[PDB]
Amino acid sequence: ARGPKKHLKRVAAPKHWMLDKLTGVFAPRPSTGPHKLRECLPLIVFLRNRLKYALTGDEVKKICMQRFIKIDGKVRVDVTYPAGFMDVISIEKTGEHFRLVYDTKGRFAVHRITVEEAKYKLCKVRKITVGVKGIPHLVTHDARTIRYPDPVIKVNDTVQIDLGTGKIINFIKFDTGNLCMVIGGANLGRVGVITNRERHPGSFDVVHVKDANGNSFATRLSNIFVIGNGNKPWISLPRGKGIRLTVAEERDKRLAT
Amino acid sequence: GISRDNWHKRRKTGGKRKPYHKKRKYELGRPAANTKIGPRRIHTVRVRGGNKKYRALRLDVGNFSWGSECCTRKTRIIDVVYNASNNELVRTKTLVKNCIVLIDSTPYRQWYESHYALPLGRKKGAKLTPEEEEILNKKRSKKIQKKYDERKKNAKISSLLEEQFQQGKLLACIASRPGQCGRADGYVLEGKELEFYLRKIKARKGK
Amino acid sequence: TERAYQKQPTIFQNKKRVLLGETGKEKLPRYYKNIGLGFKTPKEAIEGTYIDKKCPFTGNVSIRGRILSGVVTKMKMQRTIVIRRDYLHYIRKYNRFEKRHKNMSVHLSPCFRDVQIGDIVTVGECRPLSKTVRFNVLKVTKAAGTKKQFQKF
RNA sequence: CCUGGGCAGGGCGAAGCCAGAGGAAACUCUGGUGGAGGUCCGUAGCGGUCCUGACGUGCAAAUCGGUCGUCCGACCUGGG
RNA sequence: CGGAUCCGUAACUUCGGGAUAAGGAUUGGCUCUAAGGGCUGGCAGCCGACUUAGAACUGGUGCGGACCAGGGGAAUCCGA
RNA sequence: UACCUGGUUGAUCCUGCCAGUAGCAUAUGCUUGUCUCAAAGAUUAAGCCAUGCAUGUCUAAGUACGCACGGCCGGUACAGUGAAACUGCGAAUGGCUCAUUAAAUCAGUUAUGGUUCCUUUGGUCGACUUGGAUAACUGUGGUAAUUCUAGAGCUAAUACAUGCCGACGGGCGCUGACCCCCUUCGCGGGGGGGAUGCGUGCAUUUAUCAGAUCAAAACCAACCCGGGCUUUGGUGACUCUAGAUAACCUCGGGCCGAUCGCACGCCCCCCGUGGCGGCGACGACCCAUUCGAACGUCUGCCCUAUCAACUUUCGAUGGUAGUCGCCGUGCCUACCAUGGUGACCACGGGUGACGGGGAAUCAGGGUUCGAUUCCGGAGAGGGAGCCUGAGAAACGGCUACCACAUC
RNA sequence: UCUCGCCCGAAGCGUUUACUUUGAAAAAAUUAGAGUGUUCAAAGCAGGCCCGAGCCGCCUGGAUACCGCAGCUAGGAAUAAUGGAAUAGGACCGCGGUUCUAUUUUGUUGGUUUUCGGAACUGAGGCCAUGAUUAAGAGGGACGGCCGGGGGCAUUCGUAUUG
Ligand SMILES: [Mg+2]
Ligand SMILES: [Mg+2]
Ligand SMILES: [Mg+2]
Ligand SMILES: [Mg+2]
Ligand SMILES: [Mg+2]
Ligand SMILES: [Mg+2]
Ligand SMILES: [Mg+2]
Ligand SMILES: [Mg+2]
Ligand SMILES: [Mg+2]
Ligand SMILES: [Mg+2]
Ligand SMILES: [Mg+2]
Ligand SMILES: [Mg+2]
Ligand SMILES: [Mg+2]
Ligand SMILES: [Mg+2]
Ligand SMILES: [Mg+2]
Ligand SMILES: [Mg+2]
Ligand SMILES: [Mg+2]
Ligand SMILES: [Mg+2]
Ligand SMILES: [Mg+2]
Ligand SMILES: [Mg+2]
Ligand SMILES: [Mg+2]
Ligand SMILES: [Mg+2]
Ligand SMILES: [Mg+2]
Ligand SMILES: [Mg+2]
Ligand SMILES: [Mg+2]
Ligand SMILES: [Mg+2]
Ligand SMILES: [Mg+2]
Ligand SMILES: [Mg+2]
C-alpha cells in the first residue's frame with residue numbers, strides 16, 4: 001500500500017500471542033521498538049490475556065499511564081509497547097519479576113525470579129563496528145548501542161548487561177560446549193549444548209546442537225541465543241531444561257498428572 | 001511528469017508490455033540543468049526523505065586538487081573544453097561529472113613559491129615581480145630543507161606542465177557532479193591522462 | 001591499448017618517478033581485487049592490459065546471492081555473452097519431466113580467453129549491470145572438447 | 001524500292017554476373033552490379049483533343065494563343 | 001497538387017504492375033564537423049574535384065520564394 | 001460408501017450416445033412451530049446519485065488580557081475550568097470493488113556491500129533572554145448564495161528570523177625571530193631546542209598516503225643503553241568502517257536550547273542581586289534497530305498456428321562516458337558495434353482472468369471454481385499534471401480536458 | 001599434506017547434473033487430528049480443583065501432521081548421459097638454466113648480494129603391467145556366385161484391326 005501499515009488483524013496475528021477468533025477483529029499491533037513483530041509480545045497481551053490482571057484493555061491503558069508497569073527500569077506509557085526475549089518485567093509493589101523465556105511449545109512462558117537475579121540481564125550482540133574518533137560501538141539485538149565495550153567480543157556473543165548502570169559485564173565467546181537456546185524457527189525454545197558449527201560461504205551457516213538424554217537438533221545462526229557456560233545456565237529456566245520430549249511423552253505426563 | 005521507470009519498455013524479445021500503472025511518485029524525474037560558467041547561482045531541490053539537493057544552475061568559483069604534490073586551492077572556472085560525451089555541450093559550456101576545466105594557474109603560484117622556491121612562469125625576465133621572492137632570505141636550515149625539496153626530490157613538472165604554466169592555464173578533470181552537490185570539484189590532469197586529453201584537444205583543433 | 005574516452009578505475013598513475021629520468025614498466029599500478037568465495041583470481045587479471053569497469057576482479061561489482069552454471073552459446077555481443085541453462089520440470093499429473101531452457105545474457109570479462117562455444121561456465125548474481133545483464137561470469141570450467149587436435153590451414 | 005540526314009534530360013529497373021545468410025537436401029532469401037523495353041514524364045520534330053477561344057470581306061480560298069497525344073521508334077524527313 | 005529529400009503505400013492482377021497510388025514532414029541565408037582521392041621514400045610527407053550526412057546561429061513561418069511544373073479517389077460501358 | 005439402470009432389433013451380442021442417480025451453488029414454486037450460528041447488489045451496469053453520517057485532537061508539561069464561570073484577595077506580571085485561534089501529529093490507516101493486468105501482479109527462496117525511512121528504543125548532543133509580522137478579538141463591508149474573503153487597531157510561542165557567554169587553551173601541520181654542542185682561519189658540515197602568525201571538532205564535496213601471518217646472514221655511511229627494542233577492527237569477499245594530509249563547506253545557508261512543568265530544600269558569603277539543580281514532554285547533525293516501501297536473483301500461469309518469425313527512425317541488444325533519480329540500471333542523452341528472442345511455441349490475439357492460502361467433488365490419479373472476511377496488487381466516471389508531507393501522482397487533496405450533473 | 005593445534009580437528013573441495021533420505025525453510029486462517037459434557041452437536045479454546053465465605057490460593061491446554069514444484073545443507077552410488085591417454089601437448093617423484101615478488105634476521109636507519117616461500121618458461125632421462133572393453137540374431141561399408149516383368153535409352157519380332 002502507501003506508507004507503513006497501521007492496523008493488524010486477529011486472523012493475520014501470529015500464533016504465539018494466544019489470541020481468539022470470537023473476541024475481536026483487530027489484533028494489538030505493537031509499536032516500533034527494539035524487537036520485530038514476529039518476536040515480540042505486547043504489554044496489553046501480557047497484562048490482559050495471559051496473567052489475568054485486567055479483563056478489558058482499557059484498564060491496562062489506564063494503569064500503564066498510572067505509572068506502575070516498567071520495563072527494564074523505566075516506565076512505559078504505551079499500552080502496546082513491544083517486548084522481547086530475555087526481558088525483565090517488574091511492577092513496583094510485590095515480588096513480580098517476570099522473565100520472558102520461551103516455552104517448549106514456543107510460547108512466552110512466565111518465570112518469577114528473585115530480585116538479586118532480576119537486577120541483572122543477559123543480551124546478545126547483534127554486531128560491532130567503529131565510529132567517531134575511532135571508538136568501538138556494539139549494537140545489541142535489544143537496540144542497545146554501547147561505546148567502548150571490550151576488545152574480545154565476537155559478533156555472535158552473549159554479554160551480561162546491568163539495567164541500573166547500562167554497563168556490560170562477563171562476556172562469553174561462541175565456542176563448542178556452551179549452552180544455547182534457540183529463539184526462532186520451527187524449533188524455538190530448545191535448550192541445548194552447542195555441538196558443531198558448519199560454515200558456508202552463502203551468507204548462512206548451520207549449527208548442530210545436542211542436549212541431555214540423547215537428543216540433537218540443527219538451526220541457523222540468526223536464531224541462536226547463548227544462555228549458559230559449560231552446561232551452567234546463567235538464568236534459571238522454568239519447567240526443567242525446557243526440553244521437548246515427545247507428544248506421546250506429553251500424553252504420558254498428562255496421564256501421570 | 002518525467003518517468004525514469006522501466007515498465008513502459010519492451011521485454012527480452014521485444015514484446016510490448018501492457019500499461020497499468022500511472023507513473024507513481026517513487027520514480028521521479030526532474031529536468032536537466034545545464035550548468036553555465038556565469039556567477040555563482042544554486043537553487044534548492046526537495047528530496048524524498050526530507051533531504052536537500054543543491055542544484056547549480058551556473059557557477060563561477062571551483063575547487064580543484066593538484067595530483068602529485070597533494071595540494072588543493074581555490075580556482076576560478078574559465079572555459080569548458082572536450083566534454084568527451086556530447087560535443088554540443090562543449091559549445092553549450094555545461095559542467096558535468098567528467099569534463100575538463102581550465103584552471104587559472106595563479107592560486108597555485110603562491111604555494112609553489114612558498115614551498116618550491118625559484119619558481120617558473122616569470123617570462124624569462126628575472127627583473128620583475130618583487131614578490132618576497134628574495135626578501136625572506138631563507139635564514140635557517142629550512143633553506144637546506146627547501147634545497148632538498150627543490151633539487152634532491154628535484155621538483156620536476158616537466159615539459160607538458162611547463163608549457164601549460166608558461167601559457168597560464170591548466171587542464172583539469174572534474175571529479176564530482178555539479179547538478180547534485182552544487183560543487184564543481186575536480187582534480188588536475190597528470191601524465192598519461194594529461195597527454196591523452198592533450199592529444200584529443202590537439203586533434204580537435206587540428207582536423 | 002585503449003579506444004575510448006577515459007579508462008582509469010581507481011589507481012593514481014604518477015608516483016613522480018622523475019628523479020633521474022627513466023621509462024620503466026607501467027603495468028605495475030594495477031588494481032587487484034580478490035572476490036573470495038574460494039575462487040582463484042586468474043593471472044590475466046594480474047599481468048593483463050585491459051581496463052574494465054564491470055569486471056568482478058577490477059571494478060566495484062560485488063558478487064552475492066546465487067551461483068549458477070550454464071553453457072556458452074554466442075559471442076557476437078560486445079564484452080558480454082549469452083548462456084543457456086537446460087533443466088527439467090517435474091509435473092504432478094503426468095508424473096514425468098520435460099525440457100525447458102531460459103537463455104540469459106551474462107557479462108563476460110575480457111580476462112577469460114579461450115571462451116569457445118560449448119563449455120560449462122559458472123555464473124554468479126551481482127547488482128544489475130544493464131537491462132538484461134544481471135549475472136557475471138565467474139569460472140570457466142570445461143575446455144569445450146579436445147583442444148589438442150588441429151585442422152588444415 | 002534505292003540512297004542519305006536526325007531524335008535534350010530524367011523515372012520504372014528484365015536476362016546475365018558478384019558477395020553474404022538459412023537449410024539435411026531440394027532449394028530459398030538479402031545487398032549490389034547490369035542496362036532490357038513496339039516502357040512512363042518531357043524538348044526539338046510529327047499530328048491536332050478542348051476552349052466549339054481569336055479571326056471569320058482574316059496573316060491565311062484552313063491560320064494563330066493556351067490547353068494538348070507521341071517522342072528509339074508500326075518514328076520524322078530530303079533527292080532519285 | 002506540381003521540383004527534390006525522408007517515411008508509407010490499398011482494391012485487383014496475366015505476379016510484370018497499379019505507383020510519382022493515396023497520405024505526412026523538411027526546403028532560405030551564414031558558419032562549422034565527418035566521410036568519399038591522387039603523387040613520392042624504405043608507415044610518413046606533398047597536391048586538388050564536387051558530392052552526401054549531421055549540428056549551431058538567424059531572418060516578420062520565410063524558404064521549388066521568378067522560371068521550370070502530375071489534382072486525386074470510387075465505379076460502369078467499349079476497345080486488350 | 002473403488003456401485004449403475006432404461007432406450008436402436010422379431011430375438012441376442014457389441015461400439016455408441018441420450019435419459020434417469022447423488023452432491024455442489026444461483027434463482028424460483030409451495031409450506032413453515034422452537035432454538036444456536038450464519039451468507040447477502042459478484043455475475044447485467046468499475047452505470048448514475050437526492051438526503052444523513054463516516055477524522056478529529058490539550059496535558060501539572062508549546063501560545064490564555066475571550067467578552068464565559070469563580071479564587072478570596074491583598075496587590076510585587078503569571079495560579080483553577082476555560083469556548084475559540086496560532087503550533088505539531090494524523091487524514092498516505094481503515095472501509096469498498098476487481099474494471100485493466102498472462103513471468104505482469106503474485107507464491108516459494110535469496111539481498112540492498114545498489115537506497116530512503118516518520119515514530120519508539122540506545123550513543124551523540126563540549127546572553128539576566130534579541131527583532132519584525134500575524135490569528136483569535138473589536139469595529140467595519142460586499143453579492144443570491146460556498147468551509148467566500150480584503151481593508152483599520154493590537155497581541156502572543158516549539159510562527160519565521162537574528163544571535164552570545166563558557167574554557168583551559170591542550171596537541172598537530174607549515175612558516176618562523178631566537179638559542180646549544182663539535183670541527184674548520186673562515187666558508188661550510190652534523191646533531192639537538194624554540195617565542196610570534198595562519199589553519200582546528202562531527203557532516204557535506206574532492207584528491208592523496210600508510211595499513212596482518214614466515215625465518216638466516218655477509219660488507220659501506222650515521223646513533224641509544226648496559227653483544228643487544230615497538231603493531232585499528234569485520235565480512236565469503238571492497239571503491240567496508242576507522243586514521244593522516246591541503247581546501248570548499250554552497251544566502252533557497254547542516255548541528256552545537258535566545259522552551260515548558262513539578263516538589264522544593266541547602267551552601268561559600270559583604271546584600272544575594274550567586275551557585276549546589278534532581279526528575280519529566282519537543283527534535284537536534286549523524287550512526288544502528290524497529291514499521292514499511294522499492295527496483296532485484298532462480299522456479300511456477302488458461303485457451304489460440306484460421307497468431308510463424310518478432311523487436312530496432314519515438315533503444316531493439318551491448319559497450320564507453322554523462323544527465324535525472326534516493327541508489328544499480330538504455331530511465332534519458334552523444335558516439336560506436338549489430339545485436340536480443342524463437343517450433344523446448346517467441347511475437348500477436350481472446351479470457352464471462354485480480355494472483356494465492358483455499359472450496360466443491362469421497363479408491364488412487366484427477367476435474368471445475370476462488371469477486372468475496374487473511375496476504376499482496378490495482379482503482380476511486382476516463383485519463384494527465386502537481387503542492388504539502390518521511391511516506392500520494394492521494395481523490396471524504398488541488399489544476400486543466402471529455403461525458404454527466406446542482407443553484 | 002602435518003603447513004595449520006602414532007591419531008583427531010582444520011584445510012586442499014568436488015567435473016556437473018538427474019534420483020533419493022534426513023535437517024533447517026515460511027503466515028495465520030482452512031484440512032486431518034490431541035485434550036476439553038458449548039445441555040449432545042455445528043461450535044469455541046477453554047477450564048479443572050481444595051476451601052461450611054477465612055488457600056488475601058494452585059494445576060493445565062491453546063499441540064502435532066501436510067505444506068506439490070523452485071532454492072540451501074548433510075549422506076547414498078543402483079539405473080539413466082557426460083570428463084579422461086591415440087598425432088600423447090598424459091599423473092607422480094628429484095635434479096639444469098632464465099625471470100619476479102613480499103617479509104624474518106645481521107642492536108636501529110639508508111645502499112649491494114645470497115639462502116629462503118611461491119608464481120611463469122625452457123632442456124634431458126627414468127618411473128606407468130606406459131595409454132585403445134570384444135565386436136550386439138544393432139547399424140553402416142567392402143568382397144563374389146547369383147537373383148528378379150526393379151528403372152532408363154536404343155533396336156528387333158509377332159498376329160489382329162482399319163484403309
Ligand atoms: Mg487500504
Ligand atoms: Mg579548416
Ligand atoms: Mg513507348
Ligand atoms: Mg502511368
Ligand atoms: Mg499522361
Ligand atoms: Mg493542323
Ligand atoms: Mg491548333
Ligand atoms: Mg471556334
Ligand atoms: Mg469580326
Ligand atoms: Mg506536348
Ligand atoms: Mg504535356
Ligand atoms: Mg510517352
Ligand atoms: Mg475500396
Ligand atoms: Mg490507379
Ligand atoms: Mg455488369
Ligand atoms: Mg485502342
Ligand atoms: Mg445402451
Ligand atoms: Mg446426464
Ligand atoms: Mg537514444
Ligand atoms: Mg476482467
Ligand atoms: Mg474429496
Ligand atoms: Mg483428489
Ligand atoms: Mg506490495
Ligand atoms: Mg511487489
Ligand atoms: Mg491509489
Ligand atoms: Mg481514501
Ligand atoms: Mg465518497
Ligand atoms: Mg549358376
# chains A, B, ... in the order shown; residues from 1 in each chain; ligands from 1

$ interface_residues --of "chain F" --to "chain A" --cutoff "7 Å" --atoms "only C-alpha atoms (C1' of nucleotides)" --output "list in words"
residues 92, 93, 120, 121, 122, 123, 236, 241, 242, 288, 289, 290, 291, 292, 293, 374 and 391 of chain F

$ select_by_dssp --residues "segment 38-103 of chain A" --states "alpha helix (DSSP H)" --output "PyMOL selection string"
chain A and resi 43-44+57-63

$ residues_near_ligand --ligand "ligand 24" --cutoff "9 Å" --atoms "only C-alpha atoms (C1' of nucleotides) and all ligand atoms" --output "ChimeraX atom specification"
/F:105-106,294,376-377

$ interface_residues --of "chain C" --to "chain F" --cutoff "10 Å" --atoms "only C-alpha atoms (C1' of nucleotides)" --output "number ranges by chain"
C: 3-7, 9-10, 12, 33-39, 53, 59-68, 76-82, 86, 89, 92-95, 98-103, 105, 107, 124-135

$ closest_residue --among "B:23, B:156, B:8, B:199" --to "chain F" --atoms "only C-alpha atoms (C1' of nucleotides)"
B:23

$ select_by_dssp --residues "segment 41-134 of chain C" --states "strand (DSSP E)" --output "list in words"
residues 67, 68, 69, 70, 71, 72, 73, 74, 81, 82, 83, 84, 86, 87, 88, 99, 100, 101, 104, 105, 106, 107, 120, 121, 122, 123, 124 and 125 of chain C

$ write_last_selection --atoms "N, CA, C and O atoms" --output "mmCIF file, in the first residue's frame"
data_model
loop_
_atom_site.group_PDB
_atom_site.id
_atom_site.type_symbol
_atom_site.label_atom_id
_atom_site.label_comp_id
_atom_site.auth_asym_id
_atom_site.auth_seq_id
_atom_site.Cartn_x
_atom_site.Cartn_y
_atom_site.Cartn_z
ATOM 1 N N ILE C 67 24.593 -18.672 -7.118
ATOM 2 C CA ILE C 67 25.651 -19.145 -8.004
ATOM 3 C C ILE C 67 25.051 -20.222 -8.895
ATOM 4 O O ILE C 67 24.551 -21.236 -8.394
ATOM 5 N N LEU C 68 25.099 -20.011 -10.209
ATOM 6 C CA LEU C 68 24.519 -20.969 -11.141
ATOM 7 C C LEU C 68 25.534 -21.382 -12.197
ATOM 8 O O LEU C 68 26.692 -20.959 -12.151
ATOM 9 N N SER C 69 25.109 -22.191 -13.165
ATOM 10 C CA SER C 69 26.004 -22.649 -14.217
ATOM 11 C C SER C 69 25.227 -22.787 -15.516
ATOM 12 O O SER C 69 24.031 -23.087 -15.513
ATOM 13 N N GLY C 70 25.925 -22.568 -16.628
ATOM 14 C CA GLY C 70 25.320 -22.680 -17.942
ATOM 15 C C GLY C 70 26.316 -23.093 -19.006
ATOM 16 O O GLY C 70 27.445 -23.470 -18.684
ATOM 17 N N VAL C 71 25.918 -23.031 -20.273
ATOM 18 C CA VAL C 71 26.790 -23.365 -21.393
ATOM 19 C C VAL C 71 26.785 -22.195 -22.375
ATOM 20 O O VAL C 71 25.732 -21.615 -22.662
ATOM 21 N N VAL C 72 27.972 -21.815 -22.844
ATOM 22 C CA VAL C 72 28.136 -20.632 -23.681
ATOM 23 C C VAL C 72 27.648 -20.943 -25.089
ATOM 24 O O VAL C 72 28.010 -21.973 -25.670
ATOM 25 N N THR C 73 26.817 -20.058 -25.640
ATOM 26 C CA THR C 73 26.223 -20.250 -26.957
ATOM 27 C C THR C 73 26.713 -19.267 -28.008
ATOM 28 O O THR C 73 26.997 -19.677 -29.135
ATOM 29 N N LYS C 74 26.818 -17.978 -27.686
ATOM 30 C CA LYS C 74 27.148 -16.964 -28.678
ATOM 31 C C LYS C 74 28.284 -16.076 -28.191
ATOM 32 O O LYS C 74 28.614 -16.049 -27.003
ATOM 33 N N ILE C 81 28.253 -12.210 -23.002
ATOM 34 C CA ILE C 81 27.870 -13.371 -23.792
ATOM 35 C C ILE C 81 26.528 -13.901 -23.299
ATOM 36 O O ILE C 81 26.002 -13.476 -22.270
ATOM 37 N N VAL C 82 25.984 -14.850 -24.055
ATOM 38 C CA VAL C 82 24.673 -15.433 -23.792
ATOM 39 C C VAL C 82 24.857 -16.908 -23.464
ATOM 40 O O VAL C 82 25.484 -17.648 -24.233
ATOM 41 N N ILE C 83 24.308 -17.334 -22.331
ATOM 42 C CA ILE C 83 24.394 -18.719 -21.896
ATOM 43 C C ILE C 83 23.026 -19.376 -22.005
ATOM 44 O O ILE C 83 22.003 -18.726 -22.240
ATOM 45 N N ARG C 84 23.020 -20.695 -21.830
ATOM 46 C CA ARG C 84 21.807 -21.498 -21.840
ATOM 47 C C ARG C 84 21.826 -22.434 -20.643
ATOM 48 O O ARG C 84 22.844 -23.070 -20.362
ATOM 49 N N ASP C 86 19.876 -25.632 -19.427
ATOM 50 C CA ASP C 86 18.930 -26.713 -19.662
ATOM 51 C C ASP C 86 18.524 -27.332 -18.332
ATOM 52 O O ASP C 86 19.379 -27.639 -17.496
ATOM 53 N N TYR C 87 17.221 -27.514 -18.135
ATOM 54 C CA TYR C 87 16.723 -28.108 -16.904
ATOM 55 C C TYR C 87 15.418 -28.833 -17.194
ATOM 56 O O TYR C 87 14.793 -28.636 -18.238
ATOM 57 N N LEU C 88 15.014 -29.676 -16.249
ATOM 58 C CA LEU C 88 13.772 -30.425 -16.334
ATOM 59 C C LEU C 88 12.763 -29.875 -15.335
ATOM 60 O O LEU C 88 13.123 -29.180 -14.380
ATOM 61 N N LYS C 99 11.754 -30.896 -21.094
ATOM 62 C CA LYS C 99 12.886 -29.986 -21.221
ATOM 63 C C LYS C 99 12.410 -28.543 -21.292
ATOM 64 O O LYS C 99 11.503 -28.216 -22.061
ATOM 65 N N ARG C 100 13.025 -27.682 -20.486
ATOM 66 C CA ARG C 100 12.838 -26.242 -20.578
ATOM 67 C C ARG C 100 14.192 -25.565 -20.443
ATOM 68 O O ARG C 100 15.064 -26.049 -19.717
ATOM 69 N N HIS C 101 14.366 -24.454 -21.152
ATOM 70 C CA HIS C 101 15.591 -23.678 -21.065
ATOM 71 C C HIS C 101 15.248 -22.200 -21.156
ATOM 72 O O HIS C 101 14.276 -21.812 -21.809
ATOM 73 N N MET C 104 20.040 -16.510 -20.977
ATOM 74 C CA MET C 104 20.355 -15.280 -20.268
ATOM 75 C C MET C 104 21.640 -14.678 -20.810
ATOM 76 O O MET C 104 22.565 -15.393 -21.200
ATOM 77 N N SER C 105 21.685 -13.351 -20.819
ATOM 78 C CA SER C 105 22.905 -12.623 -21.122
ATOM 79 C C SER C 105 23.714 -12.439 -19.845
ATOM 80 O O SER C 105 23.163 -12.121 -18.787
ATOM 81 N N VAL C 106 25.022 -12.651 -19.947
ATOM 82 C CA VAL C 106 25.915 -12.609 -18.796
ATOM 83 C C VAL C 106 27.176 -11.848 -19.198
ATOM 84 O O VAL C 106 27.599 -11.893 -20.357
ATOM 85 N N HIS C 107 27.744 -11.097 -18.254
ATOM 86 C CA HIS C 107 28.893 -10.244 -18.539
ATOM 87 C C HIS C 107 30.160 -11.085 -18.579
ATOM 88 O O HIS C 107 30.609 -11.594 -17.547
ATOM 89 N N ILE C 120 31.102 -25.465 -20.183
ATOM 90 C CA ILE C 120 30.320 -25.213 -18.979
ATOM 91 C C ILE C 120 30.964 -24.058 -18.226
ATOM 92 O O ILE C 120 32.128 -24.138 -17.822
ATOM 93 N N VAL C 121 30.211 -22.979 -18.044
ATOM 94 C CA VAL C 121 30.699 -21.785 -17.373
ATOM 95 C C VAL C 121 29.873 -21.576 -16.107
ATOM 96 O O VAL C 121 28.712 -21.991 -16.020
ATOM 97 N N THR C 122 30.507 -20.989 -15.097
ATOM 98 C CA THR C 122 29.866 -20.692 -13.824
ATOM 99 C C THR C 122 29.506 -19.211 -13.811
ATOM 100 O O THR C 122 30.296 -18.375 -14.261
ATOM 101 N N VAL C 123 28.306 -18.890 -13.337
ATOM 102 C CA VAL C 123 27.849 -17.515 -13.245
ATOM 103 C C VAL C 123 27.469 -17.221 -11.800
ATOM 104 O O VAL C 123 27.144 -18.117 -11.014
ATOM 105 N N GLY C 124 27.522 -15.938 -11.447
ATOM 106 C CA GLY C 124 27.136 -15.501 -10.126
ATOM 107 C C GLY C 124 26.259 -14.268 -10.197
ATOM 108 O O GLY C 124 26.366 -13.454 -11.113
ATOM 109 N N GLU C 125 25.377 -14.145 -9.208
ATOM 110 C CA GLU C 125 24.496 -12.990 -9.118
ATOM 111 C C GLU C 125 25.280 -11.758 -8.681
ATOM 112 O O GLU C 125 26.169 -11.841 -7.830
#

$ interface_residues --of "chain A" --to "chain G" --cutoff "8 Å" --atoms "only C-alpha atoms (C1' of nucleotides)" --output "MDAnalysis selection string"
chainID A and resid 11:15 18 20 105 206 218:220 247

$ write_last_selection --atoms "N, CA, C and O atoms" --output "compact mmCIF listing (two decimals), in the first residue's frame"
# COMPACT_ATOMS: atom_id res chain seq x y z
N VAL A 11 -6.87 -12.58 12.57
CA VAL A 11 -6.58 -13.74 11.73
C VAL A 11 -5.14 -13.68 11.23
O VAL A 11 -4.44 -14.70 11.19
N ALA A 12 -4.66 -12.48 10.89
CA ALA A 12 -3.27 -12.29 10.48
C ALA A 12 -2.32 -12.13 11.65
O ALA A 12 -1.13 -11.87 11.42
N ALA A 13 -2.80 -12.25 12.88
CA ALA A 13 -1.94 -12.19 14.04
C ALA A 13 -1.05 -13.44 14.11
O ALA A 13 -1.44 -14.50 13.61
N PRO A 14 0.14 -13.33 14.69
CA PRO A 14 0.98 -14.52 14.86
C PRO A 14 0.40 -15.48 15.88
O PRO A 14 -0.43 -15.13 16.72
N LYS A 15 0.87 -16.73 15.80
CA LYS A 15 0.28 -17.81 16.59
C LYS A 15 0.66 -17.71 18.06
O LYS A 15 -0.14 -18.07 18.93
N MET A 18 -1.63 -16.12 21.45
CA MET A 18 -2.77 -16.78 22.09
C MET A 18 -4.04 -15.93 22.00
O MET A 18 -4.79 -15.78 22.97
N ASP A 20 -7.83 -14.92 20.22
CA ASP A 20 -9.04 -15.66 19.90
C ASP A 20 -9.63 -15.18 18.58
O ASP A 20 -9.19 -14.20 17.99
N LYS A 105 6.54 -25.32 23.81
CA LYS A 105 5.62 -25.13 22.70
C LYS A 105 5.95 -23.91 21.85
O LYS A 105 5.37 -23.75 20.78
N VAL A 206 25.20 -23.26 9.52
CA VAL A 206 24.31 -24.11 10.29
C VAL A 206 25.01 -24.53 11.58
O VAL A 206 26.24 -24.55 11.65
N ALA A 218 19.25 -29.04 14.79
CA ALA A 218 20.07 -28.15 13.98
C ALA A 218 19.28 -26.88 13.69
O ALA A 218 18.05 -26.92 13.55
N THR A 219 19.99 -25.77 13.59
CA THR A 219 19.36 -24.48 13.33
C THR A 219 20.36 -23.55 12.64
O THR A 219 21.46 -23.96 12.27
N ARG A 220 19.96 -22.29 12.47
CA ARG A 220 20.73 -21.27 11.79
C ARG A 220 21.23 -20.23 12.80
O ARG A 220 20.74 -20.15 13.92
N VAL A 247 5.36 -35.83 21.88
CA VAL A 247 3.93 -35.64 22.12
C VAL A 247 3.36 -36.81 22.92
O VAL A 247 2.50 -36.62 23.80

$ residues_near_ligand --ligand "ligand 4" --cutoff "9 Å" --atoms "only C-alpha atoms (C1' of nucleotides) and all ligand atoms" --output "PDB file with C-alpha atoms (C1' of nucleotides), in the first residue's frame"
ATOM      1  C1'   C D  40       6.494   6.368 -68.240  1.00  0.00           C
TER       2        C D  40
ATOM      3  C1'   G E  18      -1.232  -0.395 -60.470  1.00  0.00           C
ATOM      4  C1'   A E  19       2.574   3.734 -58.276  1.00  0.00           C
TER       5        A E  19
END

$ residues_near_ligand --ligand "ligand 21" --cutoff "9 Å" --atoms "only C-alpha atoms (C1' of nucleotides) and all ligand atoms" --output "list in words"
residues 360, 361 and 362 of chain F

$ write_last_selection --atoms "C-alpha atoms (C1' of nucleotides)" --output "PDB file, in the first residue's frame"
ATOM      1  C1'   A F 360     -16.759 -28.314  -4.178  1.00  0.00           C
ATOM      2  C1'   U F 361     -16.117 -33.364  -5.771  1.00  0.00           C
ATOM      3  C1'   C F 362     -15.324 -39.343  -1.318  1.00  0.00           C
TER       4        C F 362
END

$ residues_near_ligand --ligand "ligand 26" --cutoff "10 Å" --atoms "only C-alpha atoms (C1' of nucleotides) and all ligand atoms" --output "number ranges by chain"
F: 91-95, 380, 394-396

$ closest_atom_pairs --of "chain F" --to "chain B" --cutoff "7 Å" --atoms "only C-alpha atoms (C1' of nucleotides)" --output "tab-separated table"
residue	atom	partner	partner_atom	distance
F:100	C1'	B:20	CA	6.6
F:101	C1'	B:20	CA	6.4
F:116	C1'	B:49	CA	5.9
F:117	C1'	B:49	CA	6.9
F:205	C1'	B:183	CA	6.7
F:206	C1'	B:185	CA	5.6
F:207	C1'	B:65	CA	5.4
F:208	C1'	B:70	CA	5.6
F:246	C1'	B:71	CA	4.8
F:247	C1'	B:72	CA	5.3
F:248	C1'	B:63	CA	6.3
F:250	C1'	B:182	CA	6.7
F:252	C1'	B:44	CA	5.3
F:311	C1'	B:14	CA	4.4
F:316	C1'	B:14	CA	6.9
F:321	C1'	B:85	CA	5.6
F:322	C1'	B:85	CA	6.1
F:323	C1'	B:32	CA	6.4
F:324	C1'	B:29	CA	5.8
F:325	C1'	B:29	CA	6.1
F:326	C1'	B:48	CA	6.9
F:331	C1'	B:4	CA	3.8
F:334	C1'	B:86	CA	4.4
F:340	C1'	B:13	CA	6.4
F:341	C1'	B:13	CA	4.1
F:347	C1'	B:15	CA	6.4
F:385	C1'	B:1	CA	6.7
F:390	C1'	B:49	CA	5.0
F:393	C1'	B:24	CA	5.4

$ residues_near_ligand --ligand "ligand 14" --cutoff "12 Å" --atoms "only C-alpha atoms (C1' of nucleotides) and all ligand atoms" --output "ChimeraX atom specification"
/E:10-12,17-22,72-74

$ residues_around --residues "segment 135-144 of chain F" --least-positions-apart "2" --cutoff "9 Å" --atoms "only C-alpha atoms (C1' of nucleotides)" --output "PyMOL selection string"
chain F and resi 66-67+84-86+151-153

$ atom_distance --atom1 "atom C1' of residue 392 of chain F" --atom2 "atom 1 (Mg, counted along the ligand's line) of ligand 25"
7.7 Å
